[PDB]
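Data block below; observations after.
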Amino acid sequence: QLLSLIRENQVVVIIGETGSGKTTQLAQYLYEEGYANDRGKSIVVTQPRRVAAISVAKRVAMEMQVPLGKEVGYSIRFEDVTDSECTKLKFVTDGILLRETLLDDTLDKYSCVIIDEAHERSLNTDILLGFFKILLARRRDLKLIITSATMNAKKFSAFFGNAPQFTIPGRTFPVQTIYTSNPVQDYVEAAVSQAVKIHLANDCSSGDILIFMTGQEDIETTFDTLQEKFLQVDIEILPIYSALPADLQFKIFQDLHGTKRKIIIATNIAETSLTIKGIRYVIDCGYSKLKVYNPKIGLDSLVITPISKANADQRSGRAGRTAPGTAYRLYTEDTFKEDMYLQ
RNA sequence: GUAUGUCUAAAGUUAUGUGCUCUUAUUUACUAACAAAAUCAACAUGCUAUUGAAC
Ligand SMILES: [Mg+2]
């Protein structure tokens with residue numbers, strides 16, 4: 001059905017769920033369907049992250065059983081791994097593709113483009129949405145695929161001429177959601193309070209916790225606070241933030257014992273840049289440190305602001321990866337309904 | 001300078017048609033005509049500034 005829908009439409013929007021495995025599969029499906037060869041020239045897939053493009057290129061090259069660069073390859077800033085100019089499947093950053101549109105606007109070395117993780121709505125992504133909407137007039141033969149999340153698939157479709165959505169199920173577990181019955185006074189203090197409750201109202205085995213927080217200084221004060229509560233009354237408590245040195249970032253992926261509980265206290269890095277196994281519990285504070293440019297003053301502001309409904313759901317879907325789970329939201333339903341914007 | 005005013009008790013009918021017992025003001029406290037032109041006695045012996053999420 002996928003490889004037929006792309007035959008009968010030049011543009012497709014795809015809701016791929018977490019357990020669809022979309023990113024590795026569809027690229028192979030379309031190459032095997034034939035476009036990627038000298039018939040059409042290469043496939044490109046954009047990513048927003050450098051490390052994503054390389055990791056999925058390694059995975060798909062190994063699923064295709066080829067040395068990376070030779071038929072599956074990648075091209076990112078500082079690093080082009082394509083052993084032939086005619087490398088048939090090419091994973092890239094959206095910025096690299098955008099750079100190439102300047103030197104060849106028709107992109108004639110490519111038959112198909114996949115915009116992966118386009119729900120992240122990067123500057124390069126958003127630009128390429130307009131650029132492709134115009135360029136596909138200038139090339140009927142250029143096939144275009146846009147990945148989407150459920151908040152925006154209709155919106156993406158309508159922009160792209162109301163062209164068809166396709167929704168794939170994924171192998172994802174249910175997460176129970178719990179709003180707080182009131183606004184919290186200080187979310188840091190509720191976060192440690194609920195962390196001890198989930199940790200010790202259950203016995204300490206077989207279910208790890210992720211806690212979302214707004215920044216390093218806030219986060220570092222939290223570990224200190226939570227260790228003491230155990231010593232008053234086993235638990236392993238770990239940080240993650242982008243400024244954290246990579247050796248200490250890496251150890252969070254390594255295992256924990258039976259009877260002991262892992263708990264992870266995190267920035268928005270754990271929404272999307274990093275993926276953790278065995279988390280069954282989430283605590284969401286409902287705020288984030290969003291950069292907004294004020295053009296009148298010419299001034300960036302890093303504001304602790306309410307998150308979006310989409311972002312809340314993304315935090316909620318961190319539990320439910322490995323097994324059924326729970327998300328506790330430090331805010332009300334009505335604040336999610338009105339005070340949080342949708343996208 | 002603790003306003004002041006009015007009322008009534010009248011007369012019956014004026015002849016016709018003792019216990020108990022609190023109290024360190026625990027008071028429903030009351031009056032304003034009186035006076036108001038308040039400043040010597042001030043003030044310590046030497047002046048400060050601080051931390052961002054993520055790609
Ligand atoms: Mg007088």
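How things are named: the first chain in the structure tokens is A, the next is B, and so on; residues count from 1 in each chain; ligands count from 1 in the order shown.
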Quick check: residues of chain B within 12 Å of chain A, only C-alpha atoms (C1' of nucleotides), returned as a PDB file with C-alpha atoms (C1' of nucleotides), in the first residue's frame.
ATOM      1  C1'   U B  51      25.475  33.026  36.227  1.00  0.00           C
ATOM      2  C1'   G B  52      21.821  29.598  29.644  1.00  0.00           C
ATOM      3  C1'   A B  53      17.501  24.939  27.469  1.00  0.00           C
ATOM      4  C1'   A B  54      18.749  22.719  22.920  1.00  0.00           C
ATOM      5  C1'   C B  55      20.268  22.102  17.817  1.00  0.00           C
TER       6        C B  55
END
Nearby residues, ligand 1, 10 Å, only C-alpha atoms (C1' of nucleotides) and all ligand atoms, as a VMD selection string: chain B and resid 1 3 33 to 34
I'd like the interatomic distance between CA of residue 22 in chain A and CA of residue 324 in chain A, to a tenth of an Å. 21.6 Å
Those in range 27-243 of chain A with strand (DSSP E) from DSSP, as an MDAnalysis selection string: chainID A and resid 42:47 72:76 79:81 89:93 110:115 143:148 165:168 175:179 208:212 235:240
Cut-off 8 Å: closest range 69-120 of chain A/range 23-38 of chain A atom pairs per residue, using only C-alpha atoms, as a tab-separated table:
residue	atom	partner	partner_atom	distance
A:86	CA	A:38	CA	7.7
A:88	CA	A:36	CA	5.2
A:89	CA	A:36	CA	6.7
A:110	CA	A:36	CA	7.8
A:111	CA	A:35	CA	6.1
A:112	CA	A:35	CA	7.3
A:116	CA	A:23	CA	7.2
Using DSSP on the backbone coordinates, identify the residues of range 139-325 of chain A assigned to alpha helix (DSSP H); present them as a PyMOL selection string. chain A and resi 153-159+187-201+216-232+246-250+269-272+309-316
With C-alpha atoms retained, could you export that selection as a short mmCIF file (atom, residue, chain, number, x, y, z; two decimals), in the first residue's frame?
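This went into again02.cif:
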data_model
loop_
_atom_site.label_atom_id
_atom_site.label_comp_id
_atom_site.auth_asym_id
_atom_site.auth_seq_id
_atom_site.Cartn_x
_atom_site.Cartn_y
_atom_site.Cartn_z
CA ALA A 153 -0.82 15.89 9.56
CA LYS A 154 -4.00 17.65 8.30
CA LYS A 155 -2.16 21.04 8.43
CA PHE A 156 0.81 19.60 6.45
CA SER A 157 -1.59 17.88 4.00
CA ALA A 158 -3.67 21.07 3.35
CA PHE A 159 -0.50 23.12 2.69
CA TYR A 187 7.38 22.16 40.27
CA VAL A 188 10.91 21.25 41.53
CA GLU A 189 9.49 20.45 44.98
CA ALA A 190 6.48 18.51 43.62
CA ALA A 191 8.84 16.60 41.29
CA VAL A 192 10.98 15.25 44.18
CA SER A 193 7.77 14.61 46.24
CA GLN A 194 6.17 12.48 43.48
CA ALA A 195 9.52 10.76 42.70
CA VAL A 196 9.72 9.36 46.30
CA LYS A 197 6.01 8.37 46.16
CA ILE A 198 6.36 6.35 42.89
CA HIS A 199 9.70 4.91 44.16
CA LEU A 200 8.57 3.66 47.60
CA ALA A 201 4.79 3.15 47.40
CA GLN A 216 21.10 22.16 34.37
CA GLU A 217 21.16 24.32 37.56
CA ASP A 218 17.56 23.29 38.42
CA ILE A 219 18.41 19.64 37.62
CA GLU A 220 21.66 19.56 39.69
CA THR A 221 19.81 20.94 42.80
CA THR A 222 17.26 18.07 42.37
CA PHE A 223 19.72 15.07 42.63
CA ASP A 224 21.02 16.52 45.92
CA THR A 225 17.43 16.81 47.25
CA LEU A 226 16.36 13.24 46.28
CA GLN A 227 19.40 11.29 47.64
CA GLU A 228 18.78 12.68 51.18
CA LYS A 229 15.15 11.38 51.31
CA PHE A 230 16.41 7.79 50.80
CA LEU A 231 19.05 8.26 53.52
CA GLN A 232 16.33 9.45 55.95
CA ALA A 246 29.76 12.62 26.99
CA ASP A 247 31.22 9.91 29.29
CA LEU A 248 28.56 10.78 31.93
CA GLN A 249 25.88 11.16 29.23
CA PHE A 250 26.67 7.63 27.98
CA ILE A 269 17.20 16.25 25.38
CA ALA A 270 15.37 13.09 26.57
CA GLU A 271 12.26 13.98 24.54
CA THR A 272 13.90 13.22 21.17
CA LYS A 309 0.10 19.85 23.96
CA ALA A 310 2.26 18.03 21.37
CA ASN A 311 5.34 18.40 23.62
CA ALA A 312 3.38 17.14 26.69
CA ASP A 313 2.32 14.08 24.71
CA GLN A 314 5.91 13.50 23.50
CA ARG A 315 7.08 13.56 27.16
CA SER A 316 4.19 11.17 27.97
#
Close residues, residue 127 in chain A itself excluded, 12 Å, only C-alpha atoms (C1' of nucleotides), min 6 positions apart in chain, as a VMD selection string: chain A and resid 94 to 95 97 to 99 101 115 118 121 133 to 134
Selected residues, N, CA and C atoms, written as a compact mmCIF listing (two decimals), in the first residue's frame, please.
# COMPACT_ATOMS: atom_id res chain seq x y z
N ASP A 94 18.96 18.15 6.88
CA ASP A 94 18.10 19.06 6.11
C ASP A 94 18.83 20.33 5.65
N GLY A 95 19.80 20.79 6.46
CA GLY A 95 20.69 21.88 6.05
C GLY A 95 21.60 21.57 4.87
N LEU A 97 20.92 19.33 2.40
CA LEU A 97 20.03 19.33 1.23
C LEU A 97 19.73 20.77 0.81
N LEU A 98 19.42 21.63 1.79
CA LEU A 98 19.10 23.04 1.54
C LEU A 98 20.25 23.79 0.87
N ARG A 99 21.49 23.55 1.34
CA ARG A 99 22.72 24.02 0.67
C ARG A 99 22.79 23.55 -0.79
N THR A 101 20.26 22.74 -2.79
CA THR A 101 19.24 23.40 -3.63
C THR A 101 19.77 24.68 -4.29
N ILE A 115 11.42 13.58 3.91
CA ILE A 115 11.67 14.47 5.06
C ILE A 115 11.34 13.70 6.33
N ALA A 118 9.85 15.47 10.42
CA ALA A 118 9.50 16.83 10.01
C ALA A 118 8.57 17.52 11.00
N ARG A 121 10.01 20.39 12.75
CA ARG A 121 9.79 21.70 12.11
C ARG A 121 10.98 22.65 12.15
N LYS A 133 7.39 22.40 -2.50
CA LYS A 133 6.05 22.70 -3.03
C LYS A 133 6.13 23.45 -4.37
N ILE A 134 7.11 24.34 -4.51
CA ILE A 134 7.32 24.97 -5.82
C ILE A 134 8.11 24.07 -6.79
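As for CA of residue 208 in chain A and CA of residue 262 in chain A, they are spaced 4.9 Å apart.
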